[PDB]
Amino acid sequence: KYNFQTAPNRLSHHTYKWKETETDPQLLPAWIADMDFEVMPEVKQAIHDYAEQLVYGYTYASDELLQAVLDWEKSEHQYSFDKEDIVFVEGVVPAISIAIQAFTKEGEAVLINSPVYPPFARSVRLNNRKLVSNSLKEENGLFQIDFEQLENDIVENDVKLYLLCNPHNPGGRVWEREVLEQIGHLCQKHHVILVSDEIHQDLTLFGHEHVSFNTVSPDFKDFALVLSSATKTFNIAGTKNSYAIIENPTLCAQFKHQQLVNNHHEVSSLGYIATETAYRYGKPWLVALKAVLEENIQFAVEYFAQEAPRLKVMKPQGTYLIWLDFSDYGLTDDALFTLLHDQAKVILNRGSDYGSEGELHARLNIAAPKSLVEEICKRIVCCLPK
Amino acid sequence: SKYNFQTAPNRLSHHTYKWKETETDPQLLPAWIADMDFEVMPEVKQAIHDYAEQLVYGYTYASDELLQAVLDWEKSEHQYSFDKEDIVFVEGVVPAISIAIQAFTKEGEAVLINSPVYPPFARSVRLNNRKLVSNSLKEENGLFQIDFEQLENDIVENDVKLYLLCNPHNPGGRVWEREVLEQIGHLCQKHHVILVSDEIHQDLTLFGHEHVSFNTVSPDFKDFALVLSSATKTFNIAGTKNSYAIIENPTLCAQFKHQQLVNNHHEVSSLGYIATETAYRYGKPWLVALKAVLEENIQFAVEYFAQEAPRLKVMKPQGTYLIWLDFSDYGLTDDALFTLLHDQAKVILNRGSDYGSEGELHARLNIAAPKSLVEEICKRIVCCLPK
Ligand SMILES: *Cc1c(COP(=O)(O)O)cnc(C)c1O
Ligand SMILES: *Cc1c(COP(=O)(O)O)cnc(C)c1O
């Protein structure tokens with residue numbers, strides 16, 4: 001029914017992902033987090049229906065779009081809230097910057113769990129806030145929080161804001177309810193505001209269940225907000241819409257005020273349309289996708305185990321992204337990436353972008369047809385040094 | 001012609017700002033917010049269909065083709081030559097204004113506007129905790145003019161750091177002469193002011209009036225000035241969300257781009273990119289046609305008001321599709337003027353007082369609609385005006 005077998009040709013679309021391939025046709029990309037899968041058919045139709053409006057002027061977020069978000073959140077994540085708790089933002093990374101600027105002052109400390117999505121550290125640093133990197137443990141193939149050190153990091157730096165990634169990118173760690181509750185209790189104790197980046201929430205796999213942060217405790221809304229989107233779930237990043245759910249009146253007003261100060265309050269018409277459409281029609285597409293992602297991940301894990309046993313592979317609990325550790329090889333980061341790029345002809349995300357814990361790591365995107373994922377894994381193991 | 005300026009597409013199901021009230025009260029005729037009730041040029045519609053047919057709607061970048069289109073537009077239309085590297089895309093011009101305020105001034109510092117002017121000018125200054133300096137425009141012989149003596153006083157007395165210029169000026173539709181802009185630039189050089197020229201209406205000058213892009217006035221002006229513009233007002237594509245800054249000075253360009261990234265306001269949607277390139281590539285004949293329709297609508301309005309409401313003082317635009325109306329000769333308050341227009345005449349105009357104190361007892365009228373709609377709106381405006 002849905003096509004997860006053939007990858008639409010993207011070379012002519014000015015994509016980030018395929019940019020290098022436009023000049024060097026032998027490069028295969030598997031880095032930036034979008035998919036080489038056709039998007040659900042109803043979004044395509046919604047774009048055609050937009051063209052047929054004939055006039056492309058100024059629009060606002062409808063009651064139907066607000067209801068679609070409420071309905072998705074309740075039905076998928078058991079998170080019940082009011083339409084007025086929703087704030088639309090053209091992207092989640094924009095929302096992170098707005099939250100930093102609203103909820104902290106210059107020089108105050110913002111904590112992250114490293115290694116993590118590079119715009120977290122970037123946005124803190126560029127905003128002239130103190131970055132506190134709470135280093136994740138790695139135990140038995142999974143990231144885990146050191147709660148003793150996390151508390152030390154909060155107290156020793158007077159942390160004002162915690163940027164949480166859940167599911168955590170990279171690694172694809174789907175935090176248990178009990179882990180989130182311990183995090184929230186630290187924030188309550190130490191008077192920390194928390195932003196939960198839950199953009200990957202719909203992509204938990206292998207029986208792992210997303211727990212949205214404010215569902216953990218009814219008091220968590222007093223200090224925490226949730227960011228999510230339809231874009232990673234449904235491969236519609238180019239449509240530019242996302243949302244913050246901010247139930248606390250003071251937090252909500254502060255975020256919205258800062259958004260307006262920055263004139264960052266407006267969203268494109270297709271931004272609105274694609275999100276409403278994706279949530280209304282996307283459940284069966286997403287079910288079918290998850291089966292394909294699980295198969296690609298299982299394939300990659302087994303292939304790597306057989307062809308490059310020295311390569312340490314973190315199996316995701318969610319997301320379509322695999323965190324690869326080349327630390328057992330006699331390499332530098334520069335030699336690793338020259339090797340992958342110039343010899344293997346594959347483009348992966350550089351692990352050192354995610355923090356010092358990502359040195360000698362790469363991140364591999366498996367959201368593409370299995371035939372492409374097979375080729376990418378073959379390239380990755382081809383030229384690894386003895 | 002080949003192009004439809006005769007029939008207004010039905011926008012009631014599109015969640016537009018402009019027609020929102022009419023969806024509940026179908027008697028209401030809107031003529032306020034600046035988008036048009038004309039079909040967009042066909043090549044844009046086709047390009048949206050072509051985007052759907054990409055099939056995957058992932059992350060995209062601004063192409064060399066888009067960069068070249070913007071360069072070619074500026075050169076061809078406005079005699080403004082610069083490098084592809086001088087272009088900065090921003091999802092809107094109002095976004096760019098806030099980025100510029102944050103980049104080029106610090107909290108507490110003074111930003112100057114010519115009042116009355118586009119309300120987001122004053123809003124963006126105030127909400128950013130900068131000092132607003134409102135240099136009040138003169139009105140002489142039916143046109144806004146700058147009082148240069150007072151403009152200099154306002155800069156000096158307030159240590160003005162940044163001047164937000166509107167050119168063409170909204171409201172009123174004043175298409176500033178090269179010589180006016182020369183004098184403004186000289187003041188900025190003298191007093192060390194950075195100038196942001198909002199030229200979003202630049203393609204919509206009319207009746208022989210020609211837009212003069214700020215940095216074309218003198219080759220040194222880009223040392224302190226930058227230009228904001230867009231395809232969106234010109235081509236009625238505001239919902240596609242793209243615009244640009246032209247920033248030739250390396251320091252100013254880096255400062256703007258840095259603030260933009262600090263704010264994570266550096267990304268633009270795929271249709272943002274596509275619709276702008278398309279409009280600039282194919283839009284010239286459509287714009288020639290639009291401008292004839294706009295001139296005929298404005299001429300109609302001026303003449304109709306002269307006959308039916310000679311007490312109504314009408315500023316004839318030199319550009320833009322917006323007319324500034326002065327009801328000052330009527331025995332009215334602002335609140336009573338707008339209840340009269342909205343509740344009794346069933347027409348929605350922009351409230352003049354939104355633009356500054358100088359706009360008290362004024363309203364702004366949007367005539368970018370088919371002539372028949374414009375005729376009705378004008379009829380309603382004069383229907384209910386008090387003795
Ligand atoms: C991809 C990603 C984002 C991207 O957000 P935009 O909405 O495209 O700005 C945000 N957070 C994480 C953790 C991501 O992986
Ligand atoms: C309409 C208008 C804008 C609107 O800009 P966006 O690009 O839609 O943010 C900006 N400046 C002036 C003077 C306008 O009239």
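Below, each value reflects all heavy atoms present in this structure, side chains not excepted, and no hydrogens, waters or symmetry copies. Letters A, B, ... mirror the listed sequences (proteins, then strands); counts begin at 1. Whatever order the structure lists ligands and atoms in, that order sets their numbers, starting from 1.
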- Is the shortest N/O to N/O distance between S242(A) and ligand 1 below 3.5 Å? no

- Message: Tell me whether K18(B) forms a cation-pi arrangement with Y58(A), defined as NZ or CZ under 6.0 Å from the six-membered ring centre and within 45 degrees of its axis.
- Response: no

- Note on the structure: For atom 8 (O) of ligand 2, the closest protein heavy atom turns out to be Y58(A) OH, 2.5 Å

- Looking only at protein heavy atoms, which one is nearest to atom 15 (O) of ligand 2, and how far off is it? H201(B) NE2, 2.6 Å

- Query: Should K290(A) and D202(A) count as an ion pair when the cut-off is N to O under 4.0 Å?
  - Reply: no

- Query: Do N264(B) and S123(A) pass the side chain to side chain donor-acceptor pair (under 3.5 Å) test, and can you show the C-alpha distance, the side-chain angles, and the key distance before you say yes or no?
  - Reply: CA-CA 8 Å; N264(B) 280 326; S123(A) 298; 2.8 Å; yes

- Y117(A) ring centre to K232(A) NZ or CZ under 6.0 Å, with the angle to the axis within 45°? yes

- Message: Tell me the nearest of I97(B), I33(B), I200(B), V90(B) to atom 5 (O) of ligand 2, using heavy-atom distances.
- Response: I200(B)

- Query: Relative to the heavy atoms of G91(A), which atoms of ligand 1 are at a distance of less than 4.0 Å?
  - Reply: 7 (O), 9 (O)

- Any N or O of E267(B) closer than 3.5 Å to N or O of ligand 1: no

- Message: Just to be sure I read this right, does ligand 1 sit under 4.0 Å from the backbone of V93(A), its side chain, both, or neither, counting only heavy atoms?
- Response: both

- For atom 11 (N) of ligand 2, state which one of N242(B), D198(B), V93(B) supplies the nearest heavy atom. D198(B)

- Name the closest protein heavy atom to atom 2 (C) of ligand 2, giving the residue it belongs to and the distance to 0.1 Å. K233(B) NZ, 2.3 Å

- Message: For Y16(A) and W31(A): C-alpha separation, side-chain torsions, deciding distance, then whether ring-ring contact (aromatic ring centres under 6.0 Å, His included) applies.
- Response: CA-CA 10 Å; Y16(A) 277 108; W31(A) 59 292; 7.1 Å; no

- Query: Looking at CG of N135(B) and CG of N114(B), how far apart are the two atoms once the value is rounded to the nearest 0.5 Å?
  - Reply: 5.0 Å

- When you check the gap from the basic side-chain N to the acidic O, do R10(A) and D34(A) get nearer than 4.0 Å? yes

- Task: With heavy atoms of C166(B) as the reference, note each atom of ligand 2 found under 4.0 Å away.
- Result: 13 (C)

- Message: Tell me whether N169(A) has any N or O atom under 3.5 angstrom from an N or O of ligand 1.
- Response: yes

- Item | Short side-chain donor-acceptor distance under 3.5 Å, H265(B) and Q260(B) | no

